[PDB]
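Examination of the molecular architecture
Here's the letter readout for the chains.
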Amino acid sequence: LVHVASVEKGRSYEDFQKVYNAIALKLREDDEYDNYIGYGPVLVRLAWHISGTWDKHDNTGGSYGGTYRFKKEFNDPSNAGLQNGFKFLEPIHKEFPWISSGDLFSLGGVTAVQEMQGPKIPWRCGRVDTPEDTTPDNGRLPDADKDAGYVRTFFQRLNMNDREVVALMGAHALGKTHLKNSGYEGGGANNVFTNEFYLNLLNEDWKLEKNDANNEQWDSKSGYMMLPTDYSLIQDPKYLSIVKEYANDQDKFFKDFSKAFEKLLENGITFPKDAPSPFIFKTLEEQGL
Ligand code: HEM
Ligand SMILES: c1csc(-c2cnc3n2CCC3)c1
């Protein structure tokens, strides 16, 4: 099973920058969502969930086929709440109907990270919409109630190593949990991309509590929360080291996140030798828009 990247016919960097800009402008303008967090965090989560279905063993799942558009994947309980991100992107897709679904969903994530003052994430085009029968079954995204061994084993399926895992988890500095979506409540309503996840892990006083959905989570007096899988990064000696590294080096964290997130979004895709090199998009700020 091979998924070969195929550039949307006749499209070049300038076409994709226009799509980036349309998403970025909407992010700026629809700022009310989720008590003024806006749509950045949910779009990052969407890009991760459409990618996180990949299995390195058979090359099924991943971002290529844009299969979240199909009912089976759209209604996965693990994807509860991501419909808000789908609805955000819908008008954009109507404006630029030439772009594939996988390309749009993944570009949404890249745009969100950059517009939230994160690192630049190189991005490649050419994902191709695949038919409904290529939709992966539910159950491939991870559980939050587990420990460090689970997290490590889970991520081996996505060909991610310890450093890549800890860097990717830094995105949890963004946004919040919603009891109705996942059975967890709380967060920090943050919409700026920083290394604060790692700082909060090391510096807050965490207490284990049972929430109103009968799930255990770690809570701090500052009003923050960690999932059990978040907290596992300071329980495991190998993860802890890396957590300390990112807490003390913002630039390192940005560079490692950029690499891991691009890899996550590209897993399962074969890029021909003639393919364009990755694009790096300018932010609205860089364009004076
Ligand atoms: C062990 C792996 C992971 C687990 C178990 C996990 C679990 C969760 C849960 C339960 C939520 C709350 C969802 C809600 O109630 O709305 C959440 C939120 C979020 N996750 Fe993860 N996650 C993991 C990895 C990641 C990764 C790798 C990224 C991206 C690089 C990511 C990005 C996000 C973002 C941005 C939110 C906030 C969404 C919002 O504010 O609507 N997560 N995660
Ligand atoms: C902001 C302070 S803690 C925190 C957090 C920890 N784990 C998660 N979040 C938000 C999404 C999941 C976000």
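Residues numbered from 1 in each chain as written, not as in the entry; some residues may be left out. Chains lettered and ligands numbered in written order. Heavy atoms only, no water.

X-ray crystallography is the method the PDB entry lists for this structure, together with a resolution of 1.71 Å.

Helix and strand counts for the chain come out as 14 helices and 7 strands. Computed over its C-alpha atoms, the radius of gyration of the chain comes to 18 Å, within 12% of the 19 Å expected for a compact globule of 289 residues. On the principal axes, the C-alpha backbone points of the chain span a range of 55 × 45 × 35 Å. Within the chain, the proportion of its 289 residues that are buried is 53%. By element, 48% of the accessible surface of the chain is carried by carbon and sulfur atoms, the whole surface being about 13,400 Å². (Helix = DSSP H or I, 4+ residues; strand = E, 2+ residues; numbered from the N terminus. Rg over C-alpha atoms; globule rule 2.2 N^0.38 Å. Buried < 20%, exposed > 50% of the residue type's maximum accessible area, 1.4 Å probe, protein only. Areas by Shrake-Rupley, 256 points an atom, 1.4 Å probe, with all protein chains shown as cover.)

Another aspect to go through is the packing of helix α3 (residues 40-51) against helix α6 (residues 101-115). The geometry of a pair of packed helices is captured by two quantities: the angle between their axes and the separation between those axes. Contact geometry for α3 and α6: axes closest at 8 Å, N-to-C directions at 140°. Between α3 and α6, the angle is such that the two are oblique. As α3 runs across α6, the sense of the crossing is left-handed. Contacts between α3 and α6 pair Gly40, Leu43, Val44, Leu46, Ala47 and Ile50 from the former with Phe105, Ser106, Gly108, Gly109, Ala112 and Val113 from the latter. Along the lines of polarity and charge, the residues of the contact of α3 with α6 split into 8 nonpolar, 4 polar and no charged. (Axes fitted to C-alpha atoms, helices over the stretch in contact; angles between N-to-C directions. Parallel < 35°, antiparallel > 145°, perpendicular 65-115°, else oblique. Left-handed = near helix turned anticlockwise from the far one by under 90°. Contact = heavy atoms within 4.5 Å. Nonpolar A, V, L, I, M, F, W, Y, C, P; charged D, E, K, R; others polar.)

Under the UniProt annotation, the feature "binding site: heme b" (unreviewed entry) is placed at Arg45, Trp48, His172, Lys176, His178, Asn181 and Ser182. Within the secondary structure layout, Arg45 lies in helix α3. With residues up to four places along the chain from it excluded, the contact list for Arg45 reads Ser78, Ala80 and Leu82. Relative to the elements of secondary structure, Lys176 occurs in strand β2 (residues 175-177). Beyond its immediate chain neighbours, meaning those up to four positions away, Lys176 contacts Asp34, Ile37, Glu185, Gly186 and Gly187. (UniProt positions renumbered as here; feature names shortened; annotations may be inferred.)

The next subject is the coordination of the iron atom of ligand 1. Of all protein atoms, just one serves as a donor to the iron atom of ligand 1, and that atom is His172 (NE2), at 2.1 Å. Residue placement: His172 occurs in the loop between α8 (162-169) and β2. (Donors = N, O, S within 2.8 Å, 3.2 Å for Na, K, Ca; no water.)

Another point: the domain arrangement of the chain. Interface extent is often summarised as the accessible area lost during association of the parts. Taken as a whole, the chain is organised into domain 1 (1-141 + 261-289) and domain 2 (142-260). Placing a centre on the C-alpha atoms of domain 1 and another on those of domain 2 gives a separation of 22 Å. Facing 31 residues of domain 1, the contacting portion of domain 2 comprises 27 residues. In this structure, the connection of domain 1 to domain 2 is made through 1 salt bridge. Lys263 serves as the salt-bridge partner of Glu164, at 2.8 Å between the closest nitrogen and oxygen. Where domain 1 packs against domain 2, one counts 18 residue pairs in polar contact. Looking at the side of domain 1 that touches domain 2, the elements with two or more residues in it are α2 (33-36), α3 and α13 (250-266). In terms of residue class, the side of domain 1 that touches domain 2 is made up of 16 nonpolar, 8 polar and 7 charged. (Domains from an automatic or database assignment. Salt bridge = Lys/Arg side-chain N within 4 Å of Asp/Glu carboxyl O. Polar contact = N/O pair within 3.5 Å; in protein donor to acceptor, adjacent residues only side chain to side chain.)

Bringing the site of ligand 2 into the picture now. Close contacts around ligand 2 come from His172, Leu174, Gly175, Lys176, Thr177, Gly187, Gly188, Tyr224, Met225, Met226 and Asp230, and that covers them all. The contact in question runs from a nitrogen atom of ligand 2 to an N or O atom on the backbone of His172, over 3.0 Å. The side chain of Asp230 places a nitrogen or oxygen atom 2.7 Å from a nitrogen atom of ligand 2. Secondary-structure elements contributing two or more residues to the shell around ligand 2 are β2, β3 (186-190) and β6 (225-226). Here the shell around ligand 2 gets 3 residues from one element, more than from any other, and that element is β2. (Near = heavy atom within 4 Å.)

This part covers the packing of aromatic side chains. In this structure the tally under the stated criterion is 31 aromatic pairs. Taking the centre distance of 5.2 Å and the plane angle of 40° together, the rings of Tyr68 and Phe74 count as tilted. Centroid distance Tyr246 to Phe253: 5.6 Å. Interplanar angle 55°. Geometry classified as tilted. Taken together, the ring pairs in this structure connect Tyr13, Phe16, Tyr20, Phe96, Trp98, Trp123, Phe279 and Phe281 into an aromatic cluster. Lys26 extends its terminal NZ or CZ atom over the ring of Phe88, reaching a point 5.2 Å from the ring centre. A cation over a ring is seen here: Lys146 above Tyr150, with NZ or CZ 5.6 Å from the ring centre. (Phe/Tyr/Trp six-rings, centres within 6.5 Å; stacked < 30°, edge-to-face > 60°. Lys NZ or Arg CZ within 6 Å of the ring centre and 35° of its normal.)

This brings us to the nonpolar core. With 72 residues, the main nonpolar core has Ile23, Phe155, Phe257 and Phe261 as its most contacted residues. Here this core gets 8 residues from one element, more than from any other, and that element is helix α1 (residues 13-29). Each of domain 1 (1-141 + 261-289) and domain 2 (142-260) gives at least three residues to this core. Those residues within four positions of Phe257 in sequence are excluded, and the remaining contacts are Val113, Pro119, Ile121, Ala167, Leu168, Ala171 and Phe193. (Core = buried A, V, L, I, M, F, W, Y, C linked by side-chain atoms within 4.5 Å.)

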